[PDB]
Structures are given as structure tokens and as C-alpha cells.
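Quick notes on the structure that follows.
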Amino acid sequence: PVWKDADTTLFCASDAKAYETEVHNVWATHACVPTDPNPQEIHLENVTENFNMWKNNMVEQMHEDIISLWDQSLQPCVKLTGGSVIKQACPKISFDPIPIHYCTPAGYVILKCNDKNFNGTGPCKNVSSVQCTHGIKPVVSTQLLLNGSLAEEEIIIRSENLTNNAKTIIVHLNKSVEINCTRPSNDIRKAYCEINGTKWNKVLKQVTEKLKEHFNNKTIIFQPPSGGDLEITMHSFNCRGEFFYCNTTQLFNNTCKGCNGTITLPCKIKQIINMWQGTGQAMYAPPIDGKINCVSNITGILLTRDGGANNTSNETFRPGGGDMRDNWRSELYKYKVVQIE
Ligand SMILES: N=C(N)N1CCC[C@H]1C(=O)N1CCN(C(=O)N2C[C@H](CO)C[C@H](C(=O)Nc3ccc(Cl)c(F)c3)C2)CC1
Ligand SMILES: *[C@@H]1O[C@H](CO)[C@@H](O)[C@H](O)[C@H]1NC(C)=O
Ligand SMILES: *[C@@H]1O[C@H](CO)[C@@H](O)[C@H](O)[C@H]1NC(C)=O
Ligand SMILES: *[C@@H]1O[C@H](CO)[C@@H](O)[C@H](O)[C@H]1NC(C)=O
Ligand SMILES: *[C@@H]1O[C@H](CO)[C@@H](O)[C@H](O)[C@H]1NC(C)=O
Ligand SMILES: *[C@@H]1O[C@H](CO)[C@@H](O)[C@H](O)[C@H]1NC(C)=O
Ligand SMILES: *[C@@H]1O[C@H](CO)[C@@H](O)[C@H](O)[C@H]1NC(C)=O
Ligand SMILES: *[C@@H]1O[C@H](CO)[C@@H](O)[C@H](O)[C@H]1NC(C)=O
Ligand SMILES: *[C@@H]1O[C@H](CO)[C@@H](O)[C@H](O)[C@H]1NC(C)=O
Ligand SMILES: *[C@@H]1O[C@H](CO)[C@@H](O)[C@H](O)[C@H]1NC(C)=O
């Protein structure tokens, strides 16, 4: 059993259904093979390996897959890019992400870190090997990570470098909080998301506790994003093919008193989007008729820390995504590819 750190082209595997018209199944049918019928996980005795989730080529490869998936599935009525405009066809699609497995070809293996407290960087003491990752749903979103896996013990704070304020922080929850979003059947663009504020505020208290530990028992304060475009100032995500933008100010107010019922976030279905794939603008068709509803699990939070305040008494955090690679990272963090030397 000898190996060395290496990079290589992965392949993908899924349980896509060949009869399904849903666009993730369509994509997986022709670009992935069926998932491993008998997956095998070999434990490595007294092996210690070093991982680095911020420098992991698997993330880059998943990003390209999802870009390609979106480019052949959600085609927009009009793409505006670098001076050129292109009008295409934009029929309403069936959209519901499915888990994708990433798998190494012959000569390579995936090492899997099984330390329950692992924060993404540093040495792992409980390593296994696998031919494929577990199945990861490629959920595109900002501010909140949805429908992901949970941390197994305590809330985990993940950052390439906590001291650097421009480094995005990933909070990995150990308890999911449901967010239930609805555009009622009968303003067709107006919608809302319902969160159990009791559940949310309690989990958010535990996040502050955890952030305290890393920040010298200082005063932890949350605040809405300090400007930017709507995809970053709002919790943005796609629901049955429709782009939802949800004001999360009520989630990131430190108030929490008589605040512990249901939190209704005001939302909008937008037709003009600032693409996350490549720089540009895409215009999609107005929303389908009827009740549009998505019930998801908040499994993590994307946070950006306010810079320039070392001699202040407190650290403020704001929600902030946009770089979808961090979404992939929050699930690939325990994997790394190695060449069997
Ligand atoms: N891809 C690579 N390799 N890179 C290199 C560094 C920068 C990045 C890059 O090159 N790019 C990233 C995206 N790019 C933007 O421009 N973004 C700015 C935009 C606000 O202006 C929002 C964008 C958004 O998150 N969109 C969004 C849309 C729908 C949903 Cl559902 C959603 F969750 C999110 C972020 C351009 C290319
Ligand atoms: C290591 O991880 C394995 C999962 O592969 C699990 O049995 C447990 O969390 C750990 N056990 C040992 C013996 O390290
Ligand atoms: C992650 O754990 C390593 C220990 O190997 C430590 O050096 C690093 O600072 C930790 N990072 C965070 C964000 O806790
Ligand atoms: C949401 O989380 C619950 C428990 O936290 C889990 O049983 C359920 O499968 C999750 N749903 C999705 C869609 O991931
Ligand atoms: C989640 O982690 C926090 C510490 O970050 C801990 O206080 C809490 O009890 C944990 N909850 C579960 C269900 O593991
Ligand atoms: C982390 O960021 C701080 C501030 O930007 C920097 O001074 C420090 O050297 C960084 N640490 C590493 C290991 O890069
Ligand atoms: C989600 O909210 C809608 C409208 O508020 C409601 O009709 C539906 O039953 C809710 N679903 C769940 C699973 O809570
Ligand atoms: C909200 O969550 C709490 C604790 O998780 C639960 O006890 C309560 O019943 C929930 N409220 C509603 C309206 O479901
Ligand atoms: C979100 O709602 C708050 C309160 O209604 C408002 O002040 C804020 O400007 C809203 N955010 C955006 C991006 O519109
Ligand atoms: C999360 O998973 C549920 C259950 O599979 C699905 O109905 C929902 O639309 C998903 N949410 C997102 C944003 O993909």
C-alpha cells in the first residue's frame, strides 16, 4: 500500500433514471456511469494523512461538471455576455438535483478522512480508501448551504485562514433547520420562506458559541451583507427551475424576547439573473403556474468577516456566497485523490 498526492481526471456515477426528463437525470445518464453496485471502504491501519480542502482539485472538477450540467439544461431566453447577446429557446424544465458520485480511474484511489472533528485542513488520523465519494447533490445557492450533509459531532468552522478577513468561512451545522419556500398558486413573482425561528435562533446561538471559541471569547455579532448584487445580498437559490431571492435580514438580526414563532422571509422570483457560471446576465421565462414549493435542509452557512477591527471589542459576520466552489468544498472536504505509487 504505497501512494503519493496526485491529480487526475475523475469520472462520475449516479442513479439517474433513463426514462426521467428531469435535467440532472438527463445529464447523468449520458455523462456518468451507474453507481457502484458494491461499494467497498478499506480502512488504513495507523495511517495519518494530511488533507487540505482549500487546495483540492476535486472541487475544481465538480465545478466544471455543474457548469456543463447547467449549460445544457437551464437554457436562458437571452444570454448577455461580453457585448454579444444571444436569444435561444427557454422552455420550462424539470429541475431537482440528484446525488453525483466522483470516482477515480485505475491507478488512483480516493482517501477519506473519518475524524469526526476534522476542520478541512491538517492531519487526519482515521483514514480510509474508497473508489468513489458518497453522493453529493450539486445545490447552487448563496448564504445558506442546502440539502447537504451534516457534521457528525459539533458545529465545525472551516476556513483557509481565519485570521484573514477576506477568507470565506463555512459553518458546518450538526442539526439541520428546514426552510420551506412557496410561491402560492393564487404578483406571480412574490413568494416567501418559512423557518421555525425557535429552531433557527437556537442553532444560531450555538454558532456564535463556536465562533467565540475561535475568536477569543469576543463578542460575536451578525449583520446583513454590506452591499453587492442581489445574488449576494439575498439568499439566492433555484427551486423547480425558478430563481428565488430571499431577504434573510430576519435570520441575521442579533435581537434573538418575544421572537420565537415562525419566521416568514420575503422572497422574489427573479427572471433576470447574474450568472454564477460565467460573468453575464441571463433572462428566463416567468414562473410556472400553481403552487411552487421547495422544502430544503439548511446544512451550513457561508460567512464573511468584517475586516479592520482588531482593536474593536467584537467581530461581526455577514452572509456571503457567490463562488459556488465553496458549495462543492463543503462536501468534498473529507476527500483527496492519491496515485498508487
Ligand atoms: N468561476 C470561476 N472560475 N471564478 C474565478 C474567480 C471568480 C469566478 C468567476 O469568474 N465567476 C463567478 C460567478 N460570477 C459572478 O459574477 N457573480 C456575481 C453575481 C452578482 O453580480 C452573482 C454570482 C452568483 O452567485 N449567481 C447566482 C445565480 C443564481 C443562483 Cl440560484 C445563485 F445561487 C447564484 C457570483 C461570474 C464568474
Ligand atoms: C474511524 O472511522 C470509521 C469509519 O470508517 C468508524 O468506524 C469510526 O468513526 C472510526 N473508528 C476507528 C477504529 O478509527
Ligand atoms: C484546523 O485544524 C488544524 C489542526 O491541524 C489547525 O492548524 C487549523 O488552524 C484549524 N483551522 C480552523 C479554521 O479551525
Ligand atoms: C433533511 O434532514 C433530515 C434530518 O436532519 C433527514 O432525515 C432528511 O433526509 C433530510 N432531507 C434532505 C432532502 O436531505
Ligand atoms: C452541535 O454542536 C454544538 C457545539 O458546536 C453542541 O453544543 C450541540 O449539542 C451539538 N448538537 C448535536 C445534536 O450534536
Ligand atoms: C493568515 O492571514 C493573515 C492576515 O491576512 C496573515 O497575516 C497570515 O500570515 C496568514 N496565515 C497563513 C498561514 O497564511
Ligand atoms: C410549507 O409551507 C406551505 C405554505 O406555508 C404549507 O402549505 C406546507 O404544508 C408546508 N410544508 C411543510 C413540509 O411544512
Ligand atoms: C419549532 O422547533 C421546535 C424545536 O425544534 C419544536 O419543538 C416546535 O414544535 C417547532 N414549531 C413548529 C411550529 O413546528
Ligand atoms: C431586507 O429587508 C430589510 C428590512 O425590511 C431591508 O431593510 C433591506 O434593505 C432588505 N434587503 C434588500 C437587499 O433589499
Ligand atoms: C432539497 O431536497 C428536497 C427533497 O429532495 C427537494 O424537494 C428540494 O427542492 C431541495 N431543495 C433545493 C434548493 O434543491
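Hydrogens, waters and symmetry mates play no part in the numbers below; they use all other heavy atoms, side chains included. By convention here, the first residue in the shown sequence is residue 1.
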Taking only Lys NZ, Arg NE, NH1 and NH2, and the carboxylate oxygens of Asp or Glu, determine whether [X] and [Y] approach each other closer than 4.0 Å.
X      : Y      : answer
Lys212 : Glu209 : no
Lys92  : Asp289 : no
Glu152 : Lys116 : no

What's the verdict on side chain to side chain contact (heavy atoms under 4.5 Å, CB included) for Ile86 and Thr81, showing C-alpha distance, side-chain angles and the deciding distance? CA-CA 8 Å; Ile86 196 26; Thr81 55; 5.8 Å; no
Is [Y] close to [X] at the side-chain level, that is, under 4.5 Å between some pair of heavy atoms?
X      : Y      : answer
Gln339 : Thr8   : no
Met275 : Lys79  : yes
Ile195 : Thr262 : no
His214 : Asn119 : no
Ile170 : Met53  : yes
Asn196 : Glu178 : no

For [X], look at atom [atom1] and say whether over 12 heavy atoms of other residues, nucleotides or ligands are found less than 6.0 Å away.
X      : atom1 : result
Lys175 : NZ    : no
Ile340 : CD1   : yes
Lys268 : NZ    : no

Atom pair [atom1]/[atom2] of [X] and [Y] - distance to nearest 0.5 Å:
X      : Y      : atom1 : atom2 : result
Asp96  : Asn238 : CG    : CG    : 10.0 Å
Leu204 : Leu251 : CG    : CG    : 8.0 Å
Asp7   : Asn56  : CG    : CG    : 8.0 Å

Return the minimal non-hydrogen interatomic distance between [X] and [Y], and the atom names on each side.
X      : Y      : answer
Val23  : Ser73  : CB-CB, 3.5 Å
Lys167 : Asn161 : CB-O, 3.7 Å
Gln223 : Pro319 : O-CD, 3.3 Å
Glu242 : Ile269 : OE1-CG2, 3.8 Å
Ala28  : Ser14  : CB-OG, 3.2 Å
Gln75  : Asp71  : OE1-O, 2.8 Å

Give a yes-or-no answer on whether the side chains of [X] and [Y] include a donor-acceptor pair shorter than 3.5 Å.
X      : Y      : value
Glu64  : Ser68  : no
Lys210 : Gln206 : no
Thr219 : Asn314 : no
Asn297 : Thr299 : no
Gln143 : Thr248 : yes

Go through the structure and list residues passing salt bridge (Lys or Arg N to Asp or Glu O under 4.0 Å) with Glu41, not counting sequence neighbours.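 For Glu41, the residues satisfying salt bridge (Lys or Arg N to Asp or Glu O under 4.0 Å) (neighbours in sequence not counted) are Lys112.
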Measure from the side-chain N and O atoms of [X] to the backbone N and O of [Y], and report whether any donor-acceptor pair falls under 3.5 Å.
X      : Y      : answer
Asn174 : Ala151 : no
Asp115 : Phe118 : no
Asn165 : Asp306 : no
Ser330 : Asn327 : yes
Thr316 : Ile221 : no
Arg305 : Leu162 : yes
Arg189 : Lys270 : no

Under-2.5 Å SG separation for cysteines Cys124, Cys113: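 Looking at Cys113 and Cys124, their sulfur gamma atoms lie closer than 2.5 Å, so the answer is yes.
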Using only the SG atoms, establish whether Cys181 and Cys246 come within less than 2.5 Å of one another.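 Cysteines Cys181 and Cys246 do not qualify as a disulfide pair, their SG atoms being 2.5 Å or more apart.
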Chi angles and distances behind the disulfide (SG to SG under 2.5 Å) call for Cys12, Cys103: CA-CA 6 Å; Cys12 59; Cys103 306; over 6 Å; no
I would like to know whether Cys193 and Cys267 meet disulfide (SG to SG under 2.5 Å); could you show each step before the answer? CA-CA 7 Å; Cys193 295; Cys267 301; 3.4 Å; no
Apply side chain to side chain contact (heavy atoms under 4.5 Å, CB included) to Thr142 and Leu302, showing your working. CA-CA 7 Å; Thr142 63; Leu302 287 164; 5.8 Å; no
Sequence neighbours left out, what pairs pass ring-ring contact (aromatic ring centres under 6.0 Å, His included) with at least one residue falling in [range]?
range            : answer
residues 149-199 : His172-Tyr333
residues 286-323 : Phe215-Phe317
residues 276-306 : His63-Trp276, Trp70-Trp276, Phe243-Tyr284
residues 125-147 : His134-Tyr335

With side chain to side chain contact (heavy atoms under 4.5 Å, CB included) as the test, would you mind laying out the steps for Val139 and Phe237 before giving the verdict? CA-CA 8 Å; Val139 182; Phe237 62 103; 6.0 Å; no
Let me see the working for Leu303 and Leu211 under side chain to side chain contact (heavy atoms under 4.5 Å, CB included), right down to the final yes or no. CA-CA 11 Å; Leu303 293 179; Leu211 279 179; 4.3 Å; yes
Strictly by side-chain hydrogen bond (donor to acceptor under 3.5 Å, both in side chains), give each pair with a member in residues 225-236 just once, sequence neighbours left out.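 Pairs touching residues 225-236 that pass the test: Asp229-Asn274, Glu231-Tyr245, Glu231-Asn274.
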